[PDB]
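Numbering (our numbering), first residue to last: 1308 to 1397. Note that the Cβ used here is the ideal one computed from N, Cα and C, for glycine as well.
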């Protein structure tokens, strides 16, 4: 489909952000993962149809309770790894 690599910065850890991203990804039937980086940022790999991916990016910007998204970087690829499911990963 398309794969997005999304990096989120701001007040985005210890705020239920991974859970929020996972609920949005499952709602939008996207596959991939969300993971906290040790530098405070959140990485998101998401694969799916373009309408789902675009609307997902907008939802991510709204964040979880107490979060504040100050930046979102997105890079894209047509090469999907064929992920199923969306996981909170370590």
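Exercise for the section: Run through the region 1317–1374 for me and flag every whole beta strand (DSSP E) of 3 or more residues, listed as ranges in chain order. Expected result: 1338–1343, 1349–1355
Exercise for the section: In angstroms with no decimal places, state the Cα-to-Cα distance between residue 1252 and residue 1389. Expected result: It is not possible to answer for residue 1252, since the shown part of the chain is limited to 1308 through 1397.
Problem - Residues near residue 1347 by beta carbon distance below 8 Å, same chain, minus five either side - result: 1316, 1319, 1320
Practice task
Please look up how many angstroms separate the CB atoms of residue 1309 and residue 1393, rounded, as I've assumed it's under 8 Å.
Solution key: That belief does not hold up - the Cβ atoms of residue 1309 and residue 1393 are roughly 15 Å apart, past 8 Å.
Exercise for the section: Return the bridge partner residues of residue 1312 from the DSSP annotation. Expected result: 1352, 1382
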